[PDB]
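Following: one structure in structure tokens, then a few remarks.
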Amino acid sequence: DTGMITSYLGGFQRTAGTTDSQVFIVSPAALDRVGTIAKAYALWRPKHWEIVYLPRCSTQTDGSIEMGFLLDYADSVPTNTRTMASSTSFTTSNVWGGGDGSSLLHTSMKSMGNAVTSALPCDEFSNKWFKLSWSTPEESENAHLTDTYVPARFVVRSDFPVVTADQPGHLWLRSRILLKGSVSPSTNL
Amino acid sequence: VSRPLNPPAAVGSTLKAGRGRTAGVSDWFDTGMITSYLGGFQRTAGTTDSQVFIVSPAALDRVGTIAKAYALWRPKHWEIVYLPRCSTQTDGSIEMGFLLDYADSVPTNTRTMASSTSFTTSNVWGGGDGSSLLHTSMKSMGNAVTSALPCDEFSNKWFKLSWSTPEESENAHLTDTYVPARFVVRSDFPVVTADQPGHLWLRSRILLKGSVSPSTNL
Amino acid sequence: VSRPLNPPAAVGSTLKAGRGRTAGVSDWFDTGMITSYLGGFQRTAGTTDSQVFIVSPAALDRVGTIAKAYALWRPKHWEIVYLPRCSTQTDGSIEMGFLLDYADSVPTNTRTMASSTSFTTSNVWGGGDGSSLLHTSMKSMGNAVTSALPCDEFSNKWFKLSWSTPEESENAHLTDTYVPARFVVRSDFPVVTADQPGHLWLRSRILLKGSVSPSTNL
Amino acid sequence: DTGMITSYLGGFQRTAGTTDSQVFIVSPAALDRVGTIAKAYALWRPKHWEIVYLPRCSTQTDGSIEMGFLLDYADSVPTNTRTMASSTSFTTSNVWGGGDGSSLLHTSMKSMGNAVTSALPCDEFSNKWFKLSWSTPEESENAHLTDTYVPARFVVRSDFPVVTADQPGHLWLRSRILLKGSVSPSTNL
Amino acid sequence: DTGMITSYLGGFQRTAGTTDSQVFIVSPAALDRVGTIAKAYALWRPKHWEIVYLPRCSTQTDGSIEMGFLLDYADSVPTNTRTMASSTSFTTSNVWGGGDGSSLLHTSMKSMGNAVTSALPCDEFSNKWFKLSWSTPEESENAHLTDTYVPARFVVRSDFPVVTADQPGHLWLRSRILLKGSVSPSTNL
Ligand SMILES: [Ca+2]
Ligand SMILES: [Ca+2]
Ligand SMILES: [Ca+2]
Ligand SMILES: [Ca+2]
Ligand SMILES: [Ca+2]
């Protein structure tokens, strides 16, 4: 058991003229510390996987951010807000809100207050062991196949198109996972 | 007489859906024991001929659209009941069973069919008592002809709701990852003229979990 | 030791579905007070510009597919709440209201909009208190900016669930027979650059009645 | 439940190439008895799967044997001692020893003495059922897909590349599995 | 806590010089798996660090192996049997034996039989934390300084100077350590 670990997931990017839509595969692979530790193991299971958004913009900034999870790799990614609002653990807030979530990064408290978070319901995987993968899914790979080793996908969206591109905030991950099975990091793919 | 005003720099909010329902629909749902029409028992001329029914919520007509609002599902009970509707002068019998591996081949004779999971057979005009099992939660009894999928093997699994049918090009091993099982019905008596001596009713119960936009659900 | 046998001439049954459910789904359904996303408040450059939302279960994303399993429906409550998400330096206001006759024209100015049913207006950064109304059954209070359709006019009517959008060629009088009403949102302040200062949330409750196969439901 | 059963897995083959390692798929398919019995069932679960190495050579034979498991079909096969050592249930020993393991073939006790064994940690599959397959994984089959019906792969390699090919010992398997669901043997693929 | 982990330490190399002894620094740095895992932490503490020697040669091989630990970086490395015998956890045995130790690689039991092992007495570090280092001690570095971040040195030597260099056996490490404090792997030096 790794315990709760905080990882920088990436920034919240807003490209001009189009509504942003970043998709993150739920895997330790890319995480600075977790990714490294995980490489020495063959299997893993998510116990807690919650993303907390922290703003870095001015209160004058317009727009909101929308977050949620997709549990079937075959399901398509939401293109509008109404659709996004039906996803798992949907959360939305002004692009400048969420500052109260700061403490969640070094604590284990439950998201509360004006915190902007979205947590993957991990009860779904309490009996499964996923094989740790370090490669990106092929374009040609059948969705049903990918779904077998991808717990879920995390989606981040912008509610409306901006004139000028910017990065309103940061996406942080609080995760706790179980690692099992011995393998050489170099042979772990 | 006078009230203070101190507007914020901006106004907004933070939405986090999830009481246990998203967008007005529960995030978890149990259908309970329900009864619906599966299909008719069709008799034809080829011996190889058999009917195959994939275990999926898509088989439920009304329940189907409801399931479309969920991401995962699990079979808690899936039992087929055969109801005869023919003269007792009708020859032949019916054979039913389940195939748990999408890779396994479909039985083409009685000897082989008899080895399928929850196999059961009967003369085509038998099983009349089964009609009392419909719409009730009673347990099989009388000459009732039934076949129930042992759902204990899925008690830890969560299948993703898939709405498209498996292609030909699809590797059986892959199809097997999202298809709990296949139900097979066979006639041991090839007939000259096609007919339908009885019907197949489904007594099932499934769990639906995880919110998702119906239109994005594939 | 010996049991008598006296087979019938034929065997069969009589099925009559209808406990209060057909094919495993109730024949009547009440959603209760639910909350879902309607759309964003979009500001543009034309003055005539206004957004129109047709009152229909199709507006509910998850509830939509469920409704597809029913033939009739009735609005018991349909109220829109405006939630601001912008700087308090944002100029302009928002105007909302309902049109009860599909034939009536859409308002193009404030004077006219003000006469719509359940009309309400406010500066675009006002209505912050409305966020507490979401997911709850509380009643409007605080600076909450809301507009509720007086559903008492439909308490005897049963609308047929229609899934296709009204055509152009369709006579307004005809469209009016299956569209309870239209909700209109207008900006009084034309802007240089399009933006979205706030959002529109829907607090509703509808009744669904009558069993029907989802695929045949149009 | 089959109970414990001893099966001849094959011989330990030493050759001239370096990246020469034998790989066995964890499945009842090829087993003399277990294979026949399993044919009548649709699903299976490994409760115990342990390989015991037994010598058949002179005490003058140099070199050692290395065994271990790969839990992800996508992981690559170790090519040197350093990385083989990181496989699951890794074990190693000189090529002519391991006699204390012979009794493990009719007993059910645990590996002790100089016995050379490698036991797959089956607690990983305690909650799932695999569909019995009798065909060999296609060449073109996506590793991720093969992984779905292959519990694990067992790997055996030499550290001492030899001049003349030989067979220093035998690989014995003592397993115990659960079978579930009936199916006609001739239908079982 | 990493739990017990098996790592390939290297081979037992015999050469022509007499004062020829292999020296290993007690650290996770070079270990295949432990090294990767440790990279994500800033501090560590050895809970168990034991080396097991395993043969790979003919029973005709003459000579013996000697292993032990040096707890002070300033102490000199033994050059003969008499003084090697005084090292910490000293152990010795002929070069072709030690087979009873193979099971210690997947077990957690204690050295018994003809097993050849040397376990560092870790009760010495039960109250301290070492800062994980990944660089090799400078040549010019004062021994006293190096001693501050090196728990101990493990020494292996032959008593039988050979004519032709060879490798009679392998050196295996089974360790268990505690890691504490987070740090970015790429930042960890
Ligand atoms: Ca892997
Ligand atoms: Ca789906
Ligand atoms: Ca209709
Ligand atoms: Ca099979
Ligand atoms: Ca360091």
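Chain labels A, B, ... are given in the sequence in which chains occur in the structure tokens; within each chain residues are numbered consecutively from 1, and ligands are likewise numbered from 1 in the order shown.
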
- Item | strand (DSSP E or B) residues, from DSSP on the backbone, in chain A, as a PyMOL selection string | chain A and resi 5-14+16+21-25+41-55+64-70+88-94+116-120+130-131+153-158+162+166-182

- Protein and nucleic residues near ligand 5, 6 Å, only C-alpha atoms and all ligand atoms, as an MDAnalysis selection string: chainID E and resid 42 131:133 188:189

Residues just named, written with N, CA and C atoms as a compact mmCIF listing (two decimals), in the first residue's frame:
```txt
# COMPACT_ATOMS: atom_id res chain seq x y z
N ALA E 42 13.17 9.98 0.38
CA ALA E 42 14.38 10.69 0.78
C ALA E 42 15.22 9.96 1.81
N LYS E 131 20.09 9.12 4.52
CA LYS E 131 19.61 9.85 3.36
C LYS E 131 20.03 9.03 2.14
N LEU E 132 19.06 8.65 1.31
CA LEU E 132 19.36 7.87 0.12
C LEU E 132 20.29 8.61 -0.83
N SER E 133 21.41 7.98 -1.15
CA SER E 133 22.39 8.56 -2.06
C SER E 133 22.53 7.69 -3.30
N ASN E 188 16.34 13.26 -6.50
CA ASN E 188 17.04 12.43 -5.53
C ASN E 188 18.46 12.08 -5.92
N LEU E 189 19.43 12.65 -5.20
CA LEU E 189 20.84 12.36 -5.47
C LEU E 189 21.51 11.78 -4.22
```

- Mind checking which residues fall within 7 Å of stretch 151-163 of chain B, counting only C-alpha atoms, ignoring those fewer than 4 positions away in the same chain, and posting them as an MDAnalysis selection string? (chainID A and resid 72 127) or (chainID B and resid 58 71:77 178 218)

Output file for the residues above (N, CA and C atoms, as a PDB file, in the first residue's frame):
```pdb
ATOM      1  N   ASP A  72     -16.477   3.392 -19.029  1.00  0.00           N
ATOM      2  CA  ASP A  72     -16.381   2.431 -20.128  1.00  0.00           C
ATOM      3  C   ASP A  72     -15.538   3.090 -21.208  1.00  0.00           C
ATOM      4  N   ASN A 127     -12.106  -5.843  -6.041  1.00  0.00           N
ATOM      5  CA  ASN A 127     -11.738  -7.248  -6.199  1.00  0.00           C
ATOM      6  C   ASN A 127     -10.884  -7.524  -7.415  1.00  0.00           C
TER       7      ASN A 127
ATOM      8  N   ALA B  58     -29.815  -5.512 -23.298  1.00  0.00           N
ATOM      9  CA  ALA B  58     -30.418  -5.162 -24.569  1.00  0.00           C
ATOM     10  C   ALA B  58     -31.592  -6.100 -24.849  1.00  0.00           C
ATOM     11  N   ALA B  71     -23.533   3.014 -16.567  1.00  0.00           N
ATOM     12  CA  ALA B  71     -22.299   2.570 -17.194  1.00  0.00           C
ATOM     13  C   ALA B  71     -21.973   1.098 -17.016  1.00  0.00           C
ATOM     14  N   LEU B  72     -22.276   0.563 -15.834  1.00  0.00           N
ATOM     15  CA  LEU B  72     -21.981  -0.830 -15.503  1.00  0.00           C
ATOM     16  C   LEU B  72     -23.233  -1.615 -15.178  1.00  0.00           C
ATOM     17  N   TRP B  73     -23.130  -2.937 -15.234  1.00  0.00           N
ATOM     18  CA  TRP B  73     -24.262  -3.786 -14.902  1.00  0.00           C
ATOM     19  C   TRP B  73     -23.780  -5.162 -14.482  1.00  0.00           C
ATOM     20  N   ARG B  74     -24.644  -5.894 -13.791  1.00  0.00           N
ATOM     21  CA  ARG B  74     -24.314  -7.236 -13.348  1.00  0.00           C
ATOM     22  C   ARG B  74     -25.567  -8.093 -13.287  1.00  0.00           C
ATOM     23  N   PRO B  75     -25.494  -9.327 -13.802  1.00  0.00           N
ATOM     24  CA  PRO B  75     -26.629 -10.252 -13.801  1.00  0.00           C
ATOM     25  C   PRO B  75     -26.742 -10.887 -12.430  1.00  0.00           C
ATOM     26  N   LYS B  76     -27.907 -10.778 -11.810  1.00  0.00           N
ATOM     27  CA  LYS B  76     -28.098 -11.382 -10.507  1.00  0.00           C
ATOM     28  C   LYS B  76     -28.912 -12.654 -10.670  1.00  0.00           C
ATOM     29  N   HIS B  77     -29.738 -12.679 -11.707  1.00  0.00           N
ATOM     30  CA  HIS B  77     -30.566 -13.835 -11.998  1.00  0.00           C
ATOM     31  C   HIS B  77     -30.949 -13.743 -13.464  1.00  0.00           C
ATOM     32  N   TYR B 178     -16.905  -9.015 -22.405  1.00  0.00           N
ATOM     33  CA  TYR B 178     -18.068  -8.211 -22.061  1.00  0.00           C
ATOM     34  C   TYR B 178     -19.409  -8.911 -22.262  1.00  0.00           C
ATOM     35  N   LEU B 218     -22.029   3.656 -25.221  1.00  0.00           N
ATOM     36  CA  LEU B 218     -21.887   2.735 -26.347  1.00  0.00           C
ATOM     37  C   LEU B 218     -21.381   1.359 -25.888  1.00  0.00           C
TER      38      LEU B 218
END
```

- Which protein, DNA or RNA residues have an atom within 12 Å of ligand 1, counting only C-alpha atoms and all ligand atoms, as a PyMOL selection string? (chain A and resi 27-29+38-44+129-135+149+179-189) or (chain D and resi 70-77+87+143-144+147+152)

Just the selected residues (C-alpha atoms), exported as a short mmCIF file (atom, residue, chain, number, x, y, z; two decimals), in the first residue's frame, please.
```cif
data_model
loop_
_atom_site.label_atom_id
_atom_site.label_comp_id
_atom_site.auth_asym_id
_atom_site.auth_seq_id
_atom_site.Cartn_x
_atom_site.Cartn_y
_atom_site.Cartn_z
CA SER A 27 -3.03 4.93 -14.36
CA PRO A 28 0.07 5.60 -12.19
CA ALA A 29 2.32 5.39 -15.25
CA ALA A 38 4.79 1.28 -9.54
CA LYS A 39 7.32 0.26 -12.13
CA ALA A 40 8.73 -2.38 -9.79
CA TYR A 41 5.33 -4.10 -9.57
CA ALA A 42 3.17 -6.03 -12.02
CA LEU A 43 -0.34 -5.41 -10.66
CA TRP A 44 -2.19 -2.50 -9.10
CA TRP A 129 -6.05 -6.44 -10.07
CA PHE A 130 -5.04 -4.41 -13.13
CA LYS A 131 -1.80 -5.04 -14.98
CA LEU A 132 0.46 -1.99 -14.91
CA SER A 133 0.96 -0.65 -18.43
CA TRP A 134 3.42 1.99 -19.59
CA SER A 135 2.41 2.35 -23.22
CA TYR A 149 -6.73 -2.61 -18.42
CA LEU A 179 0.81 -2.75 -5.78
CA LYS A 180 1.37 -6.48 -6.10
CA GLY A 181 3.57 -8.83 -8.04
CA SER A 182 7.28 -8.61 -8.58
CA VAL A 183 8.87 -7.59 -11.93
CA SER A 184 11.97 -5.88 -13.20
CA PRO A 185 11.23 -2.21 -13.94
CA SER A 186 12.97 -2.54 -17.30
CA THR A 187 10.80 -5.47 -18.41
CA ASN A 188 7.60 -3.85 -17.17
CA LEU A 189 5.57 -2.64 -20.14
CA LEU D 70 5.45 -13.09 -15.42
CA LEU D 71 2.03 -11.80 -14.37
CA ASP D 72 1.44 -9.46 -17.33
CA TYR D 73 1.47 -10.95 -20.82
CA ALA D 74 2.75 -7.60 -22.10
CA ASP D 75 5.84 -7.61 -19.89
CA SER D 76 8.97 -8.76 -21.71
CA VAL D 77 10.86 -11.94 -20.90
CA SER D 87 10.34 -12.02 -11.57
CA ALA D 143 -0.70 -9.05 -25.77
CA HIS D 144 -3.34 -7.24 -23.73
CA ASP D 147 -3.46 -11.46 -20.94
CA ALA D 152 0.60 -15.92 -15.96
#
```

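Reported to one decimal place, the separation of atom CA of residue C:61 from atom CA of residue C:121 is 26.8 Å.
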
- Select all residues from chain B having any atom no more than 7 Å from an atom of chain C (counting only C-alpha atoms, ignoring ligands), output as a PyMOL selection string. chain B and resi 8-13+23-25+34-36+61-63+65-66+68-69+84-88+125+128+131+213-214

- Please determine the contact residues of chain D with respect to chain E at a cut-off of 8 Å, counting only C-alpha atoms, and supply them as number ranges by chain. D: 59-64, 81-83, 85-86, 89-95, 97-98, 111-117

The selected residues should be written to file as a CSV table (one decimal), in the first residue's frame (atoms: N, CA, C and O atoms).
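The resulting file, out_27.csv, is reproduced below:
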```csv
chain,number,residue,atom,x,y,z
D,59,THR,N,27.4,-34.3,-10.8
D,59,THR,CA,27.8,-33.2,-9.9
D,59,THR,C,28.9,-32.4,-10.5
D,59,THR,O,29.4,-31.6,-9.8
D,60,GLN,N,29.3,-32.7,-11.7
D,60,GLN,CA,30.4,-32.0,-12.3
D,60,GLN,C,29.8,-30.9,-13.2
D,60,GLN,O,30.5,-30.0,-13.7
D,61,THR,N,28.5,-31.0,-13.5
D,61,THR,CA,27.9,-30.1,-14.4
D,61,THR,C,27.9,-28.7,-13.8
D,61,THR,O,27.5,-28.4,-12.7
D,62,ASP,N,28.4,-27.7,-14.6
D,62,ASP,CA,28.4,-26.3,-14.2
D,62,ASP,C,27.2,-25.6,-14.6
D,62,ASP,O,26.4,-26.0,-15.5
D,63,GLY,N,27.0,-24.4,-14.0
D,63,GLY,CA,25.8,-23.6,-14.4
D,63,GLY,C,24.7,-23.6,-13.4
D,63,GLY,O,24.7,-24.4,-12.4
D,64,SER,N,23.7,-22.8,-13.5
D,64,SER,CA,22.6,-22.8,-12.6
D,64,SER,C,21.3,-22.6,-13.4
D,64,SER,O,21.3,-22.2,-14.6
D,81,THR,N,20.4,-12.5,-15.8
D,81,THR,CA,20.2,-12.9,-14.4
D,81,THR,C,19.6,-11.7,-13.5
D,81,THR,O,18.7,-11.9,-12.8
D,82,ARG,N,20.3,-10.5,-13.6
D,82,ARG,CA,19.8,-9.4,-12.9
D,82,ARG,C,18.3,-9.1,-13.0
D,82,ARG,O,17.7,-8.8,-12.0
D,83,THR,N,17.8,-9.2,-14.2
D,83,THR,CA,16.3,-8.9,-14.3
D,83,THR,C,15.5,-10.2,-14.1
D,83,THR,O,14.3,-10.0,-13.8
D,85,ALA,N,15.9,-12.2,-11.7
D,85,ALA,CA,15.8,-12.2,-10.2
D,85,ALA,C,14.6,-11.3,-9.8
D,85,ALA,O,14.2,-11.5,-8.6
D,86,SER,N,14.1,-10.5,-10.6
D,86,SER,CA,13.0,-9.6,-10.2
D,86,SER,C,11.6,-10.2,-10.6
D,86,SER,O,10.6,-9.6,-10.3
D,89,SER,N,8.1,-14.9,-7.6
D,89,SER,CA,8.5,-16.2,-7.0
D,89,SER,C,9.8,-16.7,-7.6
D,89,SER,O,10.0,-18.0,-7.8
D,90,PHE,N,10.7,-15.8,-7.9
D,90,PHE,CA,12.0,-16.2,-8.5
D,90,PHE,C,12.7,-17.1,-7.6
D,90,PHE,O,12.7,-17.0,-6.4
D,91,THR,N,13.4,-18.1,-8.2
D,91,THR,CA,14.2,-19.0,-7.5
D,91,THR,C,15.4,-19.4,-8.4
D,91,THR,O,15.2,-19.4,-9.6
D,92,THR,N,16.5,-19.9,-7.8
D,92,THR,CA,17.6,-20.3,-8.6
D,92,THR,C,18.4,-21.3,-7.8
D,92,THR,O,18.3,-21.4,-6.6
D,93,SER,N,19.3,-22.0,-8.5
D,93,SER,CA,20.1,-23.0,-7.8
D,93,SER,C,21.0,-23.7,-8.9
D,93,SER,O,20.8,-23.6,-10.1
D,94,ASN,N,22.1,-24.3,-8.4
D,94,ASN,CA,23.0,-25.0,-9.3
D,94,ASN,C,22.2,-26.1,-10.0
D,94,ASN,O,21.1,-26.5,-9.6
D,95,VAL,N,22.7,-26.5,-11.2
D,95,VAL,CA,22.0,-27.5,-12.0
D,95,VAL,C,21.9,-28.9,-11.6
D,95,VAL,O,21.0,-29.7,-12.0
D,97,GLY,N,21.7,-30.0,-8.2
D,97,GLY,CA,21.1,-30.2,-6.9
D,97,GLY,C,19.6,-30.0,-6.9
D,97,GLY,O,19.0,-29.7,-8.0
D,98,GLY,N,19.0,-30.2,-5.8
D,98,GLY,CA,17.5,-30.0,-5.7
D,98,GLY,C,16.8,-31.3,-5.3
D,98,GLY,O,15.6,-31.4,-5.4
D,111,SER,N,8.1,-26.6,0.3
D,111,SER,CA,9.5,-26.6,-0.2
D,111,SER,C,10.5,-26.4,0.9
D,111,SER,O,10.5,-25.3,1.6
D,112,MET,N,11.4,-27.3,1.2
D,112,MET,CA,12.4,-27.1,2.2
D,112,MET,C,13.7,-27.9,1.8
D,112,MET,O,13.6,-28.8,1.0
D,113,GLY,N,14.8,-27.6,2.5
D,113,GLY,CA,16.0,-28.2,2.2
D,113,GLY,C,16.6,-27.5,0.9
D,113,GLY,O,16.4,-26.3,0.7
D,114,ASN,N,17.2,-28.3,0.1
D,114,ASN,CA,17.8,-27.7,-1.1
D,114,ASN,C,16.8,-27.7,-2.3
D,114,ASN,O,17.1,-27.4,-3.4
D,115,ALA,N,15.5,-28.0,-2.0
D,115,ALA,CA,14.5,-28.1,-3.0
D,115,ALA,C,14.5,-26.8,-3.8
D,115,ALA,O,14.5,-25.7,-3.2
D,116,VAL,N,14.3,-26.9,-5.1
D,116,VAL,CA,14.3,-25.8,-6.0
D,116,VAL,C,12.9,-25.7,-6.6
D,116,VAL,O,12.5,-26.4,-7.4
D,117,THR,N,12.1,-24.7,-6.1
D,117,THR,CA,10.7,-24.5,-6.5
D,117,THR,C,10.3,-23.1,-6.7
D,117,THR,O,10.9,-22.2,-6.1
```

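We find atom CA of residue D:52 and atom CA of residue D:36 to be spaced 21.9 Å apart.
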
- Which parts of stretch 4-110 of chain C does DSSP call alpha helix (DSSP H) when run on the backbone here, written out as a list in words? residues 61, 62, 63, 64, 65, 66, 67 and 110 of chain C

Please build the interface table for chain B against ligand 4 with a cut-off of 7 Å, listing for each qualifying residue the nearest atom pair and the distance in Å to one decimal; count only C-alpha atoms and all ligand atoms, order rows by chain and increasing number, and write it as JSON lines.
```
{"residue": "B:101", "atom": "CA", "partner": "ligand 4", "partner_atom_place_in_ligand_line": "1 (Ca)", "distance": 5.3}
{"residue": "B:103", "atom": "CA", "partner": "ligand 4", "partner_atom_place_in_ligand_line": "1 (Ca)", "distance": 5.8}
{"residue": "B:104", "atom": "CA", "partner": "ligand 4", "partner_atom_place_in_ligand_line": "1 (Ca)", "distance": 4.9}
```

Selected residues written out with N, CA and C atoms, as a short mmCIF file (atom, residue, chain, number, x, y, z; two decimals), in the first residue's frame:
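Printed below is result_6.cif as written:
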```
data_model
loop_
_atom_site.label_atom_id
_atom_site.label_comp_id
_atom_site.auth_asym_id
_atom_site.auth_seq_id
_atom_site.Cartn_x
_atom_site.Cartn_y
_atom_site.Cartn_z
N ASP B 101 -18.22 -19.57 -22.26
CA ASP B 101 -17.03 -19.06 -22.94
C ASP B 101 -17.43 -18.75 -24.38
N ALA B 103 -15.76 -18.42 -26.79
CA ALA B 103 -14.92 -19.18 -27.70
C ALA B 103 -15.48 -20.58 -27.97
N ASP B 104 -16.12 -21.17 -26.97
CA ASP B 104 -16.67 -22.51 -27.13
C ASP B 104 -17.66 -22.53 -28.28
#
```

Give me the chain B side of the contact with chain D, cut-off 9 Å, one line per residue showing its nearest atom pair and distance in Å at one decimal, counting only C-alpha atoms, sorted by chain and residue number, as a tab-separated table.
```
residue	atom	partner	partner_atom	distance
B:98	CA	D:183	CA	8.8
B:99	CA	D:183	CA	7.3
B:100	CA	D:42	CA	6.4
B:101	CA	D:131	CA	5.9
B:102	CA	D:131	CA	8.9
B:103	CA	D:189	CA	6.0
B:104	CA	D:189	CA	4.9
B:105	CA	D:187	CA	5.1
B:106	CA	D:187	CA	7.0
B:107	CA	D:187	CA	6.9
B:111	CA	D:184	CA	8.5
B:112	CA	D:184	CA	5.6
B:113	CA	D:184	CA	7.4
B:114	CA	D:184	CA	7.9
B:115	CA	D:183	CA	4.9
B:116	CA	D:183	CA	4.6
B:117	CA	D:182	CA	5.0
B:118	CA	D:182	CA	8.0
B:119	CA	D:182	CA	9.0
B:150	CA	D:181	CA	8.5
B:153	CA	D:129	CA	7.4
B:154	CA	D:128	CA	8.7
B:156	CA	D:127	CA	7.1
B:157	CA	D:128	CA	8.3
B:171	CA	D:141	CA	8.8
B:173	CA	D:145	CA	7.3
B:174	CA	D:145	CA	6.6
B:176	CA	D:131	CA	8.8
B:177	CA	D:148	CA	7.9
```

Would you mind exporting N, CA and C atoms of the selected residues as a tab-separated table (two decimals), in the first residue's frame?
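Listing of result06.tsv after writing:
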```tsv
chain	number	residue	atom	x	y	z
B	98	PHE	N	-26.62	-23.01	-21.42
B	98	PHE	CA	-25.77	-21.84	-21.50
B	98	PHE	C	-24.34	-22.18	-21.87
B	99	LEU	N	-23.70	-21.25	-22.57
B	99	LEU	CA	-22.30	-21.39	-22.96
B	99	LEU	C	-21.60	-20.25	-22.22
B	100	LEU	N	-20.65	-20.60	-21.36
B	100	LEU	CA	-19.95	-19.61	-20.55
B	100	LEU	C	-18.70	-18.99	-21.17
B	101	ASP	N	-18.22	-19.57	-22.26
B	101	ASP	CA	-17.03	-19.06	-22.94
B	101	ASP	C	-17.43	-18.75	-24.38
B	102	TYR	N	-17.30	-17.49	-24.78
B	102	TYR	CA	-17.68	-17.10	-26.13
B	102	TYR	C	-16.89	-17.86	-27.19
B	103	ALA	N	-15.76	-18.42	-26.79
B	103	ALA	CA	-14.92	-19.18	-27.70
B	103	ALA	C	-15.48	-20.58	-27.97
B	104	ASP	N	-16.12	-21.17	-26.97
B	104	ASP	CA	-16.67	-22.51	-27.13
B	104	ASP	C	-17.66	-22.53	-28.28
B	105	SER	N	-17.73	-23.66	-28.99
B	105	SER	CA	-18.62	-23.77	-30.13
B	105	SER	C	-20.03	-24.14	-29.72
B	106	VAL	N	-20.98	-23.84	-30.59
B	106	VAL	CA	-22.38	-24.13	-30.32
B	106	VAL	C	-22.70	-25.59	-30.63
B	107	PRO	N	-23.31	-26.30	-29.67
B	107	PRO	CA	-23.69	-27.71	-29.83
B	107	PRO	C	-24.53	-27.95	-31.08
B	111	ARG	N	-26.30	-35.20	-27.77
B	111	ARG	CA	-25.21	-35.64	-26.90
B	111	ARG	C	-24.36	-34.49	-26.39
B	112	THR	N	-24.09	-33.55	-27.27
B	112	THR	CA	-23.28	-32.39	-26.98
B	112	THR	C	-24.01	-31.29	-26.22
B	113	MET	N	-25.26	-31.04	-26.61
B	113	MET	CA	-26.09	-30.03	-25.98
B	113	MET	C	-26.28	-30.36	-24.51
B	114	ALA	N	-26.47	-31.65	-24.23
B	114	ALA	CA	-26.69	-32.12	-22.88
B	114	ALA	C	-25.58	-31.73	-21.91
B	115	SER	N	-24.42	-31.36	-22.43
B	115	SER	CA	-23.32	-30.99	-21.56
B	115	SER	C	-23.20	-29.50	-21.28
B	116	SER	N	-24.10	-28.71	-21.85
B	116	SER	CA	-24.06	-27.27	-21.62
B	116	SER	C	-24.48	-26.94	-20.19
B	117	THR	N	-24.15	-25.74	-19.74
B	117	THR	CA	-24.48	-25.33	-18.38
B	117	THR	C	-25.97	-25.13	-18.16
B	118	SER	N	-26.47	-25.69	-17.07
B	118	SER	CA	-27.89	-25.60	-16.73
B	118	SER	C	-28.75	-26.16	-17.84
B	119	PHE	N	-28.26	-27.23	-18.46
B	119	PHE	CA	-28.98	-27.87	-19.53
B	119	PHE	C	-30.31	-28.39	-19.04
B	150	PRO	N	-26.08	-19.75	-13.68
B	150	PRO	CA	-25.53	-19.67	-12.32
B	150	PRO	C	-24.81	-18.33	-12.21
B	153	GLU	N	-21.06	-16.71	-10.55
B	153	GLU	CA	-19.74	-16.44	-11.10
B	153	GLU	C	-19.52	-14.97	-11.41
B	154	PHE	N	-20.57	-14.17	-11.38
B	154	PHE	CA	-20.44	-12.75	-11.69
B	154	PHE	C	-20.60	-11.85	-10.48
B	156	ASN	N	-18.69	-10.69	-8.44
B	156	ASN	CA	-17.62	-9.73	-8.14
B	156	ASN	C	-17.33	-8.88	-9.35
B	157	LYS	N	-17.82	-9.32	-10.50
B	157	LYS	CA	-17.60	-8.64	-11.76
B	157	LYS	C	-18.62	-7.53	-12.02
B	171	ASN	N	-12.33	-10.99	-32.28
B	171	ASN	CA	-11.75	-12.18	-31.68
B	171	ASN	C	-12.68	-12.65	-30.56
B	173	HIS	N	-12.15	-14.25	-27.93
B	173	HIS	CA	-11.60	-13.97	-26.62
B	173	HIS	C	-11.95	-12.56	-26.18
B	174	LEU	N	-12.00	-11.62	-27.12
B	174	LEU	CA	-12.33	-10.25	-26.77
B	174	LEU	C	-13.81	-10.12	-26.45
B	176	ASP	N	-15.72	-12.26	-25.36
B	176	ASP	CA	-15.95	-12.92	-24.10
B	176	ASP	C	-15.74	-12.01	-22.88
B	177	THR	N	-14.99	-10.93	-23.04
B	177	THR	CA	-14.75	-10.05	-21.90
B	177	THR	C	-15.96	-9.20	-21.50
```

- Surrounding residues of stretch 13-20 of chain E excluding itself and chain neighbours under 3 positions, 8 Å, only C-alpha atoms, as number ranges by chain: E: 79-80, 157-159, 161-168

- Work out how far atom CA of residue B:91 is from atom CA of residue B:187, in Å to one decimal. 10.7 Å

- Excluding same-chain residues fewer than 3 positions from residue C:49, what lies within 12 Å of it counting only C-alpha atoms, as a PyMOL selection string? chain C and resi 41-46+52+106-109+184-191+194
